[PDB]
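Data first, discussion second: the structure below is written as structure tokens.
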Amino acid sequence: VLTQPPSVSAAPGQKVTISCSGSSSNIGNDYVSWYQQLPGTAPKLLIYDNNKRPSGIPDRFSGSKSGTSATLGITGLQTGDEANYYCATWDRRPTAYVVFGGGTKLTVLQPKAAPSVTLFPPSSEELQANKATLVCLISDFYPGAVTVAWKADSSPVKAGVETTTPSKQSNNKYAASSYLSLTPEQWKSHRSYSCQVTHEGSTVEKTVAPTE
Amino acid sequence: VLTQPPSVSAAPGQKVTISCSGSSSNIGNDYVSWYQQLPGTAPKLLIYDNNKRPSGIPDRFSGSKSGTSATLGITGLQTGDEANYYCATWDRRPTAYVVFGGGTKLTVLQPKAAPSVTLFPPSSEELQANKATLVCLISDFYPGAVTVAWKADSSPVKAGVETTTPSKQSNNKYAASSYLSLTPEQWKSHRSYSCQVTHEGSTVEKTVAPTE
Amino acid sequence: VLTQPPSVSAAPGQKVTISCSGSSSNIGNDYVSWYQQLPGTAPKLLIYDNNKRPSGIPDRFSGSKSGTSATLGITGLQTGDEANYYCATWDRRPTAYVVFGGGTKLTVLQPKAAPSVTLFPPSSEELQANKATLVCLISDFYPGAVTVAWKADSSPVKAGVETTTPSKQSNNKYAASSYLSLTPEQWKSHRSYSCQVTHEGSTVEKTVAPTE
Amino acid sequence: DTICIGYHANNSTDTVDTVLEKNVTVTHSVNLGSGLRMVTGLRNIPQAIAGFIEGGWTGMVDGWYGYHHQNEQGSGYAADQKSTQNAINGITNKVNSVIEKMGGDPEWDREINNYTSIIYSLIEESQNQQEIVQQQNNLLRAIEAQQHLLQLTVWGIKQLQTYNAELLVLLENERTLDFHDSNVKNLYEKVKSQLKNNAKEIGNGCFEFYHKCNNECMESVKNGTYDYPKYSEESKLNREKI
Amino acid sequence: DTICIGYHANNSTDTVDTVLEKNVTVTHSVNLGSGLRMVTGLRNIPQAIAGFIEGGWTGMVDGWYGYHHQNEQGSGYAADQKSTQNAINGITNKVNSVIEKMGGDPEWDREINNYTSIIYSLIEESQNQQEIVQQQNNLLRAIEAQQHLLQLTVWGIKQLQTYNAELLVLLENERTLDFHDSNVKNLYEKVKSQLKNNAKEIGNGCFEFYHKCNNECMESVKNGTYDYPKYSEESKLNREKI
Amino acid sequence: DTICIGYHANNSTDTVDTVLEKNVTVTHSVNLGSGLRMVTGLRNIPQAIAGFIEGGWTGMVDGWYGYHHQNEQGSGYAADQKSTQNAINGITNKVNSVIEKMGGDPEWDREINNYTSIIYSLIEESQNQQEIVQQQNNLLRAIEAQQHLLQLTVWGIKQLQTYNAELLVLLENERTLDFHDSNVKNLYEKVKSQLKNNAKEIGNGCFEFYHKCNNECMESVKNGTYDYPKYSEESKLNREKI
Amino acid sequence: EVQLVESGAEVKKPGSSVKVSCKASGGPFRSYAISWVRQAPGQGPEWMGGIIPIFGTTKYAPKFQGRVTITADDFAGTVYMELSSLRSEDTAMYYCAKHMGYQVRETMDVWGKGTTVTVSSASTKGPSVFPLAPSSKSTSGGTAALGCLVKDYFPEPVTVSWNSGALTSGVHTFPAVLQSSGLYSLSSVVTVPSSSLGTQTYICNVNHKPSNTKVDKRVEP
Amino acid sequence: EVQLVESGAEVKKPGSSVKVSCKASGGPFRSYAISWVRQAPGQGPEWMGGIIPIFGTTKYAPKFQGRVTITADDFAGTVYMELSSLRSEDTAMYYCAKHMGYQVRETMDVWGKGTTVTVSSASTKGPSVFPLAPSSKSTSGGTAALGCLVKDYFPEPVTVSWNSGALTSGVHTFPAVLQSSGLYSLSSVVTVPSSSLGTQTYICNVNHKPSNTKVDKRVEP
Amino acid sequence: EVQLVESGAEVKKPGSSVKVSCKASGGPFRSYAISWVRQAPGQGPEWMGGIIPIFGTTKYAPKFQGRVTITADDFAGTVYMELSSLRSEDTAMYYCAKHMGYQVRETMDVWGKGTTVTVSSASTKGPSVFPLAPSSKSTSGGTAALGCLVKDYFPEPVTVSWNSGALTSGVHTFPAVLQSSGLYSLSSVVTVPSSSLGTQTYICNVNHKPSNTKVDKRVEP
């Protein structure tokens, strides 16, 4: 497997490089391709043969290979370039096969949007069906990376938690959901629960109590 | 022409050989074929190339050639094998032509059937038309070889006689007819005529007189 | 250009030759063809390759070439042979091109027919339209060569005259027309005009006066 | 002593056409019916007893492919019966298919004409009963005219099959002419194989023996039982004698 | 040290037909639908590492056209990827046209059968309402029969297209088989060109180097960057050494 | 002094297709109407005055087949007018037949369209008078639809003749290209015949005289009146001089 | 396997000619030779001649060499044999037979069924039908024999049935004889009980299609 | 044999161009050359140029070399001759003629019939019809001549009949003359007896289709 | 350029098999190789294998080498990928991608859009719909949020609209979550003013076609 940086960052007009470290058997003696993947799209060919561009690809992207390492460079950076970037080559060594890099999430360094947080308690029909689901919904934040932490009264609870990966909305910000699955008894057992969202060194927290 | 035995004989299960004597120009240096012919049928190929069998021919038949002579052999003899057998080859000597053997009538040595004999005198309408025909009809005899002799009163008559070759009937016995053509005057001139059939050292004789 | 005799003459059954003088560049080293042209017809091929005949051409015609000169010969001469005869060859010298001879009018030496001459004065409707045309019409003459001369009173006039070339009629004689274009004043100015036809050393002359 | 491989030529003036070549004179042809002539025999090319390189043996009448020997006992042409008959067997089955395959033209036809048959009978109906009513006049007139348009159209199949017929012949004539050239060469190779160096290649389709080969020796070469070691030596000195 | 130009052979028993030749075994073929088989690969002819004069390399699996080297470092088969793919690219586009071109048979058809469709629906009209009047009887009978005459006739196009289909295949099979023979020879010439007299022509599709040519030297011959002056001399003495 | 046999080449970029070969550049072609192009001229192959083995003489403009001489008096190209015109005469009559033979397509057609003509006139009848009665409605509708099925069907003949047209061209293009190759070789043989050993064969389509042959001598070789005994001796010493 | 079909029986005069055909199934072109083999009664077969496919070469037995002509219509898949200058001993059954290869030899594997050719100086004549009455010289206590005499007809064949088709079991029709006049004659007998004799009515129905005569004749004591 | 058909007569102005065609029968492709040969009145023929089949090579007489263009439509079996920069002396009869081989030479075996080209500075004008009255200066005891003068028309031809077609025997229509004005004029005379003169009525019917004028004019003493 | 279309989403059990197809536009025969590349969430792509045109040779990644089979239907212009012995981590998006030449290599220029394969031990179950009531903990002076909880369904997808299609502006439907039970759950929220709350009536319309259930549920304080 080829080693990519997990992530790299820059602003509009600015420049950034994504590295790909391999070995003698792959990168060392084969050609390197680069691919771009937006959310919800198939990988699209950016570079092939170390530095060639397919038609449709502008001179803002370019590639280089040196020995066991290869590099993607992106100048004049734009908003649409925010995607995941994978390198690719031929690994002759094992049984011959095409290998991809782990991937690099590029972040075009937008106005920071503080997240808005909504918390619903279990519906009464759900408790009537012997189940209990707390729903914490987070929307309109940028950049799109948040951590979620739950609280039983005051002390954290880690069991029963399901959180999604943040996904970019229609309006180019990000969204995320978090569900805490409890028993109706655990639900009525406590005084209140809290959903705690931490985005860019800031903290938002909403609270709910068993219909008071 | 190739020389065959006129006839050869044996019983069911038993064996028999039919010989074919030729010369150096035919049998001496060419291949020999054998053919079987039932009554009323085309010759059917039994052996070719001295000893080969066409498909459909069982191993009960077989052939051999030695110098100027060739031989057909038939074991496990059956009733259906009763036929005429001809040998055949290529005679290069004259102008090149295919030559057949005289033929051998095979007789599978059946219950001897004594012949039944019927004699009709001239019909009155035939005498009225100024002709006279005696008709001697012989049926259901085996083996199928009979001689026929006519008698004027007591002394034989050889003029005016027409006899058929014996032919196998539907029921696997043989039949034959014999006609004596006379003038109505010769017919009324004598006291009676006799038809005399001789089959296997036995004698049957019927008699007729000018409507008495 | 090749030099032919302007004209050559002979009688029925008699013989005649038409010569064609050229130079070293044309006739001297190329093949010569001959063509016959009746009035109102396309040239028809008579001889090619110095002396060959196309099918359809009889042995009454024949050709010869000697050095820089070539010759057409016509024996057993007939009435239908009266035509124009042109020789033809390849002139390599200039830029290579096919050249024809000036042409020879053959005359089969027919009963001389003295010409009949009719003269009309200007019609009154023509004078009324301020024009005046005298018309001298000559028909049924042989051979077909006439000269025409006009007369003002007694002295000749050469201005205003238009004469046609003589053309062979339907009945195998020749015809010709001659028109004198005057002003109505010139017409009434004189006492009479005369049209004078001269055919084979003979003279015919008709006269007209301004409606007297 | 010398043996030659050759083939048959005769007084045939029959010409067929392949694709690349026209008016090719063959010894044996066959006339289908529509100007179509399929070659069965081979190129008719009649010529010191030469081989097959520049020669079709007119003196050879017993078959298509065969040998012309010459030894002490004498000389003469002799056709290879096996080879000739395999050629004839194969070509026959092919020529037949052509006659047999084109027999789909009628099989399918038998219907369009039991149907053509039914229609002009149905048309003679209406002609005899026609002795509102003239709405049926131009009605029948419309159908009779459609019957002609129908026959012209069916005949379009005859027209367009003409050309099926024409190409199949030209092509099968080449597969055939090639097929002969094959069998001929194969016979030469089969002989060249046995003889090896016991015989000299003249290059004209004939082999010059280095050892005297009598009639029996010739038959052995013909029926593929030539004993190379038997004459090996006497050819061997003979090659070095010279 | 020696290099050979050759091609691919395999365990294919696929046979197609050209025009002059039938039952020709090819390595790669393609089955259209009506007994039509187009060759894609090449003549299947499996055989001291010989070249291409009498040999299809079964041991060569990486492509159609390529080289088999032998030097100090070792030996082995190697397919020319460029050559093989140009052949495959060209043949593919051709085979497709055949599938694509014959696609005029249906395009045009789509109409005769939306129309056939409309008629036997119009015929079922008259069958259900027919439950003067029998003038309409043999009237309908006349049309239904004309519908069969019509379909037989349309089917005549199927019959007469059979043969379109059959010849196109035989012909494209030759243009193809020829096309391979071309590319193969071109590769040999491209190599013969570079080597010049630095290598001996064996005449079997192989070149015997007069100088030792290592794996790198071989690649240089493959990718067309053979340095003739570099080895010129050492071949030159070697030619005169003997 | 040397004489060469050769042929014509020019700035033509015209390409036709045979069967085994496509996009073949010819000097003279002819454009039928349906993408069909028949070769009339010959393969366009423009090149020490070489012969015809690897050369089409662009410098030869007076015809198709001819000679290029070189003696004391000078050198130059000269077309054989007889040969060239026989080729042109034969090919013309062929090309014409193609135009003339395909003229059965219309002759037969003239009828299906005086009949097509009569029907849609008969159809416009019923459309104008139709302004029991609607039994005549779907009656007419049935026939108009059968008119389309009829035209599609007739057009099937156009479709199926396309392919008549396409193969005839490819095939006649080979008979033609072959025909040229024939005439060219024949001219060389006719010259090789006269010269015999008075001239050396270079093998490039040219003959090197062993004796000086002036312009007159050349014409004698051209018009087939070469006097072998006349120069026999002087060639004979010259062969042994060396 | 191949089936060989031959044309119908022929009757000819001495000095005249006859042409027989044979059609081979499949084909029509053949990849084997075909010969014509004849058999006179009651003798051994005689090979007459043959024809080679494609070459069309013919070889003939020297006995017939001169008046036999073997031709082939390959498209018709049909060969022909024409024998001229007919003699009475040319009366025989004639078979077409195919060989295994293109070469005429002693091996003929498939045979036509044979067609009859009769050569005689006579013409076509209807027969006369006479009754062969039962009587007492034919009553061997139990059964009794009676029949019909079909005299002086030409040529073969003749059709004899009893009671318009009813009587079959116990009916024998003897093969004809050939007199010196060139004319045929046969007998047909039916075997029936003694008791039904006078009570039962028996009629023979003779049919000789060549001369278009149908005769029915009663037979009574 | 081959028939050569040429396009219709042409009338052109000086400085303008004209293009004539010739269609060869059979073909359409030709295996021989074709040349264009012209004839002015009343002179010898002049060869202008020709075209070779297949090669399409053209050679032109040096006199026309420069303003003549010979093209061929081989599929149409048609060749063309285009002569530009017309002068009045370009007025002539123009013939297409085929040669024996592909090479232009003095031998032209088949000829087109010729078509006329007229080059003049004038335009198309209908004629005027005047009577040429009989009178006494035209009565040579027995017969008497009368006719019509068709003056100042362009271009040729003109049609003159008598009594709407009745009078034919004894009618002569003279060939036209060409004046210096570029205009034509002709005469048509009918020969008739002296006695019918005043009794009989005679009318000429002139027809000049190019300008679409039909004139009928009576002729009386 | 070439368009690569892949078959529909698949749901399979562990141990079972799945066969996906890809159809290349144009062709149908291809002059380039095609590979199958898979992507599990949310990871980097993995090359699985490929197939060469004409040769039909296959190469497979060693990780899948053994339970993947790549076949081609050249006439159908269609290739296939069959992965057996499915495990839960075989849940991924699978892409077909063409190469530039016939040789499988790192360069894939055109990609299919991907189809989803889900491998789970569960079955197909309709969801339960719960209301996420507005309340006062959701009124930040001005607007107010309300929605629906679609619980425990399988498989994806599910369709959530508001007021039968009327409400659109200000409606967010969150991407699902995948619980440990192998079942999905999502939320859909609509943002609306505080004042209309009790007055206005809001209904969500959930549609889960795989199990054929349509649920409509009102949401009220």
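Chains as they are written, first to last, in our numbering: chain A, 572 to 783; chain R, 572 to 783; chain W, 572 to 783; chain B, -14 to 227; chain Z, -14 to 227; chain H, -14 to 227; chain D, 5 to 225; chain G, 5 to 225; chain Y, 5 to 225. Cβ atoms here follow ideal geometry from the backbone N, Cα and C, with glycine treated the same way.
- For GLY75/B, the enclosing alpha helix (DSSP H) starts and ends at 66 to 86.
- With 16 or more other Cβ atoms inside 10 Å of its own Cβ, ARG42/Y counts as buried.
- Between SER88/G and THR588/W, the alpha-carbon positions lie close to 40 Å from each other.
- Along the length of the region 591 to 659 of chain W, whole beta strand (DSSP E) runs at least 3 residues long occupy 604 to 608, 615 to 618, 632 to 637 and 640 to 645, reported in chain order.
- Residue contact check for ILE58/D against chain B: a CB pair falls below 9 Å.
- Between the beta-carbon of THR660/W and that of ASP601/W there is about 5 Å, and that keeps the pair under the 8 Å contact cut.
- Here the region 127 to 142 of chain B does not lie against the region 763 to 780 of chain W, with fewer than 3 beta-carbon pairs under 8 Å apart.
- For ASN621/A against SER633/A, the beta-carbon gap comes to about 10 Å, at or over 8 Å, which does not count as contact.
- In this structure, DSSP gives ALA13/D a state outside helix and strand, which the three-state scheme calls coil.
- Chain G has no Cβ within less than 9 Å of the Cβ of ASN29/H.
- Chain-ordered, the chain G residues with CB closer than 9 Å to the CB of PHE671/W read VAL41, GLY48, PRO49, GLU50, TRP51 and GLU110.
- In the displayed model, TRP93/B falls within a helix according to three-state DSSP.
- Annotated three-state conformation of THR138/B is helix, per DSSP.
- With respect to chain G, the C-beta atom of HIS165/H has no partner C-beta closer than 9 Å.
- Those residues of the region 81 to 115 of chain G placed with their C-beta closer than 9 Å to a C-beta in chain W are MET97, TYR99, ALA101, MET104, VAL108, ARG109, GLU110, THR111, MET112, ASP113, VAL114 and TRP115, ordered along the chain.
- In the DSSP assignment, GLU186/Z falls within the beta strand (DSSP E) that extends over 184 to 186.
- Think of a sphere of 7 Å around the beta carbon of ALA127/H: the chain Z residues whose beta carbon falls inside it are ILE104, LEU107 and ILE128, in chain order.
- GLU756/A has a beta carbon lying at 9 Å or more from every beta carbon in chain Y.
- In the pairwise beta carbon analysis, the region 677 to 688 of chain A is classified as touching the region 711 to 724 of chain A: at least three pairs are separated by under 8 Å.
- Among the residues of chain Y, none has a CB under 8 Å from the CB of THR161/Z; the nearest is roughly 12 Å distant.
- Legend: CB atoms of the region 619 to 639 of chain A lying less than 7 Å from CB atoms of chain Y belong to residues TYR619 and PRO625.
- Note on geometry: alpha-carbon atoms of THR12/H and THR161/H lie some 13 Å from one another.
- The C-alpha of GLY51/B is placed about 8 Å away from the C-alpha of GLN66/B.
- The beta-carbon of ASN113/B is placed no less than 9 Å from the nearest beta-carbon of chain Z.
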